[PDB]
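A.B. asks: what follows is a protein structure lacking sequence information:
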Ligand SMILES: [C][C@]([N])([C][O])C(=O)O=P([O])([O])O[C][C]1O[C](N2[C]=NC3=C2N=[C]N=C3[N])[C]([O])[C]1[O]
């Protein structure tokens, strides 16, 4: 170690100023205060006055003021003690007037006394500055003596050696810079680059207090638990607190201010009112497998942070601001612990029983206070209401109390102690997620091509496909599907093969899909606009043989000779209109769709069929509904346009092929065919509604359902669309291609203005949406995390054939065992249950949050400005081309 210089007392010349202490320096600039309240039957005010008159002397603090020159001197003739008695005994509505309630160091009384007189009862209130003295002083000296002094104001008091002004000049001059000081600034200079920012907890873009009183018996068990791991009553208590926090914490590592109220064991200093406040920056990095392990390890780093106490935290934090940014250093999370200081003479409880007590420490968002009191350990969480999203503190406190409770119930080395983690979600956190994720419904085994075949037999007259003017009935499509599918099986389209379907938008694709499924295979959609090289590339990498195509642009297909190619509009006509029989199963693949290297997606039958018959049972999909099949069949979004409508008698309406979005034709074709179902990415319905508003007719007037998904549903768009056809119910969805087109549905009924984004929603039937930390564990509400869509049948079979990708992105959760897809999107659960979608590794997102109230950063805007934003291949918003 290193011994320190001795304190030089000065019996006199105390009237002359001494500089402000570091903990105090930081409060006298933020001005550019605590409060208590006890009750008791009768307060003898004269006695009380004289007590407080003697309490204003003795301690050189209760008189000190701050000269506006930035220094503090003592006073010696202050005035009389300003006690402000209020009277409300014969006042009815006395609780009401008492209710409305709540300072400068330039002006003597560094506080604010009061005494409100209610009927039969007296309510003593004490303001106080927090620049004036510190927590330990307040409880160990002021209150203690004040009890002594209310009892007998003339009672003997203690001889005040070496007044505080001395300690002040002492640490400032004699102690700073010396042996122990120089030794200790190294530690923090050799860790200042290892310090993790403060707890990053959720916000929601005055002071409230949860507290709990532990009885004496429960105290002592608590302490006993602490020693049995070699910890102190405050050692374990910080450790637990770190755990709770990690739950909602948006990273496991953070830094906890743990101030220490040291006086360097000076003789007589435990009787001086002063600011002995030394912050310590405890680094919380989860070190260990178990609680017992991780709490014991953080306890270690605390003590080591403590043997180096001479360098005040204020400096360390300063130098921290120097190395990094200023704001990127704030320590809003603190743990004030008056355990382990001496047992004072008197306990404020003797005087009167509390009623109110809120520390107003500023720049502190959450203040875990640990103080003992007449036998009990008082735990208290004082938190700045509005620093965090709703409930976040109510929930962590519930979870905290459980954690400590189990520790009161588990013999060390057993139970929670040797538990690898602890689920912080509160009873509601759970109730809401269970209740919103209870999606358990059996899917009837029916081949996706069988369902359609059976509706075609059910309503063969009906309009199945309307494409490029040439319409098609359900029987004529079915008959041409039989034609194709028979032809395929004949050429050996064995069960489980992939028949690549490469064409443009038209009625050829539809029959192509249902003949290929019929033939016992799965269809592999490839865009006819891709480069003449990438097409054959995807086909070769998927190992696909036969390829169906339209005859137009059939020669513009550079494919090999081992891969057969047939036209659909002609190279089929001379076939069997006799139905083929289902050879393939419900768990066999129906389509592979492709998406740093592109990955193919394998999708079953069972899941798509789950989709189809939910969407029908969600929005009452009736055969009257006529749908604008806008998405390209190579985009995952097209799948409801294939199998959705035809599986209960609706009509599919194919628009003329495009490359650039053409909301003109779309408004036309929607206006003309009485289209009632719109399905695309949000920008496409935006462009449509923009073209439609600027028209005299009502073109989009028959629309009864609009499902946007895959991008960001623009905040205004639901109203702007709801503008035309009064009665359209807009709905937004999404979920990755590996999750069967739509997974989570949010009916867009009332865009909230203070929303950064449209809620992602509640899950559909059979899919469960989880929000997990880095450990694939469920998070509690609001918490950021990655999204895990859990599902036996509504999950993608696998990533093409590469098993690495598939077993790495499709995991088993350890909480349950559910096979889940790690979406690679990050979000947070919402206390109605829905999900808020936040981006994908977008944490460095505000942007639109502070934008619409125009794109994101990288910044770009459109109305480095630019005319209008660029799209991607199927629409959305090309955030990758923008830098
Ligand atoms: C499925 C869909 N959504 C359509 O339907 C898609 O998108 O797909 P993809 O892209 O291919 O896959 C994968 C991806 O997805 C994505 N997403 C989706 N959705 C969305 C998203 N993001 C955002 N937002 C929205 N809405 C994801 O991200 C993935 O990974």
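C.D. replies: Here it is on my side, so go on. Numbering: from 1, shown residues only.

A.B. asks: interface residues of this structure facing the ligand?
C.D. replies: 595, 636-637, 709-711, 734-737, 741, 823-825, 837, 840 (CB under 6 Å from any ligand atom). C-beta coordinates here come from the backbone N, C-alpha and C atoms, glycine included.

A.B. asks: got phi/psi on residue 861?
C.D. replies: Per-residue torsions, residue 861: phi -140, psi 160 (degrees, to the nearest 10).

A.B. asks: show me what contacts it?
C.D. replies: Going by CB atoms under 8 Å, 6 or more residues apart in numbering, residue 861 touches 851, 854, 855.

A.B. asks: ok, so of these, who is nearest the ligand?
C.D. replies: Nearest to the ligand out of the contacts of residue 861 is residue 855 (CB to the nearest ligand atom; 14.4 Å).

A.B. asks: and that closest one, what is it in contact with?
C.D. replies: Counting by CB under 8 Å, 6+ apart, residue 855 has contacts 847, 848, 861, 862, 869, 877, 879, 882.

A.B. asks: ok, of those, which come out buried?
C.D. replies: Among these, those classed as buried by 16 or more other CB atoms under 10 Å are 847, 848, 869, 877, 879, 882.

A.B. asks: distance of the fourth one relative to residue 842?
C.D. replies: Taking CB to CB, to the nearest Å as the measure, residue 877 and residue 842 are separated by 13 Å.

A.B. asks: can you show me the strands along the stretch 551-700 of the chain?
C.D. replies: For the stretch 551-700 of the chain, the strands defined by DSSP state E, counting those that start in this stretch cover 565-567, 591-594, 600-603, 626-629, 651-654, 677-680.

A.B. asks: which residues touch the last one?
C.D. replies: Think strand 677-680. Taking CB under 8 Å, 6+ apart as the rule, strand 677-680 contacts 625-631, 637, 640-641, 645, 650, 670, 685, 688, 700, 703-708, 875.

A.B. asks: where do the helices sit along the stretch 351-500 of the chain?
C.D. replies: 392-407, 427-436, 448-458, 474-490 (DSSP state H, counting those that start in this stretch).

A.B. asks: want to throw the ones you listed into a markdown table with mean neighbour count?
C.D. replies: Formatted as a markdown table, the helices of the stretch 351-500 of the chain follow (neighbours: other CB atoms under 10 Å):
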| stretch | mean neighbour count |
| --- | --- |
| helix 392-407 | 20 |
| helix 427-436 | 16 |
| helix 448-458 | 21 |
| helix 474-490 | 22 |
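
A.B. asks: got TSV for those helices, with distance to residue 600 too?
C.D. replies: Listed next are these as TSV, based on distance: least, CB to CB, whole Å:
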stretch	distance to residue 600
helix 392-407	41
helix 427-436	32
helix 448-458	19
helix 474-490	21
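
A.B. asks: show me the helices in the stretch 151-300 of the chain, by range?
C.D. replies: Under DSSP H, counting those that start in this stretch, the stretch 151-300 of the chain gives helices at 164-169, 179-189, 216-227, 233-248, 291-306.

A.B. asks: and the contacts of the shortest one?
C.D. replies: By CB under 8 Å, 6+ apart, the surrounding residues in contact with helix 164-169 are 7-10, 14, 18-21, 60-61, 72-74, 263, 266, 269, 272-274.

A.B. asks: out of the residues you listed, which are buried?
C.D. replies: Buried positions within these, assessed by neighbour count (16+ other CB under 10 Å), are 7, 14, 18-21, 60-61, 72-74, 266, 269, 272-274.

A.B. asks: of those residues, which belong to strands?
C.D. replies: 18, 19, 72, 73 (DSSP state E).

A.B. asks: farthest-separated two in those?
C.D. replies: The distance between the two most remote of those (CB to CB) is 10.6 Å, for 19 and 73.

A.B. asks: contacts only, for residue 741.
C.D. replies: Per CB under 8 Å, 6+ apart, neighbours of residue 741: 611, 636, 637, 639, 640, 709, 733, 735.

A.B. asks: tell me the domain ranges of this structure?
C.D. replies: 33-151, 166-340+359-426, 767-833 (automatic domain parsing).

A.B. asks: what ranges do the helices span in the stretch 501-650 of the chain?
C.D. replies: 507-518, 534-542, 606-619, 639-646.

A.B. asks: run through the neighbouring helices and strands of the last one.
C.D. replies: The reference is to helix 639-646. helix 448-458, helix 507-518, helix 606-619, strand 626-629, strand 651-654, strand 677-680 (3 or more CB pairs under 8 Å, 6 or more residues apart in numbering; DSSP states H and E).

A.B. asks: would you mind listing the outside residues contacting that helix?
C.D. replies: Contact with helix 639-646 is made by 448, 451-452, 455-456, 464, 474, 477, 510, 513-514, 591, 603, 608-609, 611-612, 615-616, 621, 625, 627, 629-631, 633, 650-652, 677, 679, 707, 740-742, as judged by CB under 8 Å, 6+ apart.

A.B. asks: the ligand: which of the ones in strands among the buried ones among the contacts of helix 164-169 is nearest?
C.D. replies: Among these, residue 19 lies closest to the ligand (CB to the nearest ligand atom), at 56.2 Å.

A.B. asks: is the closest one bridged to anything, and to what?
C.D. replies: Beta bridges link residue 19 to residue 71 when assigned by DSSP bridges.

A.B. asks: who touches it in this structure?
C.D. replies: Residue 19 makes contact with 70, 71, 72, 168, 169, 172, according to CB under 8 Å, 6+ apart.

A.B. asks: do the same with residue 8
C.D. replies: Applying CB under 8 Å, 6+ apart to residue 8 gives the contacts 166, 170, 174.

A.B. asks: burial measure for the closest residue to residue 404 other than its chain neighbours, as a count.
C.D. replies: Nearest non-adjacent residue to residue 404, counting by CB to CB, 6 or more residues apart in numbering: residue 240, 5.9 Å away. Number of residues near residue 240 (other CB atoms under 10 Å) recorded here: 18.

A.B. asks: one more: residue 865?
C.D. replies: Residues near residue 865, counting by other CB under 10 Å, number 9.

A.B. asks: residue 855 versus that one, what's the distance?
C.D. replies: Relative to residue 855, and taking CB to CB, residue 865 is found at 10 Å.

A.B. asks: and if you look at residue 443?
C.D. replies: Going from residue 443 to residue 855 by CB to CB gives 40 Å.

A.B. asks: three-state assignment of residue 881?
C.D. replies: coil (DSSP: H, G, I helix; E, B strand; the rest coil).

A.B. asks: from residue 635, how far off is the closest residue to it other than its chain neighbours?
C.D. replies: Distances taken as CB to CB, 6+ apart place residue 870 nearest to residue 881, at 5.4 Å, with adjacent residues excluded. Using CB to CB, we find residue 870 at a distance of 18 Å from residue 635.
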